[PDB]
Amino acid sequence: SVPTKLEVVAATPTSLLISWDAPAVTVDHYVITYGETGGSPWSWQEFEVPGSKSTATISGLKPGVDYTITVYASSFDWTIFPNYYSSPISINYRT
């Protein structure tokens, strides 16, 4: 996982604030994915964060429901990200 660390800094019953250590390489953008841990991959959601940013906000979640959150780093340099996406780092947050 190119993002070294992934932690929840703050949370409400429906919203979440995640943060991650940036790597010592050029990141063009990050891809944050989240969905209900037991739910189908059709229902999963994702958005992008500029590589200069190390935090994100996930909102509109159901209370008391386990969610899996995954952060990929990405860039256009094959010599840094040969598979274009990094290896993922994931947390399982209950909310």
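Start at 1 with the first residue shown and count on from there.
Once the C-alpha B-factors are averaged per stretch, 84-92 and 4-12 rank with 4-12 first. The deposited CA B-factor of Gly35 belongs to the lowest third of values across its chain. Sorting the modelled residues of the chain by their CA temperature factor places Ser52 in the highest third. Compared with the other modelled residues of the chain, the Cα B-factor recorded for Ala24 ranks in the highest third.
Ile69: CA B factor in the lowest third of modelled residues in this chain (values from the PDB entry).
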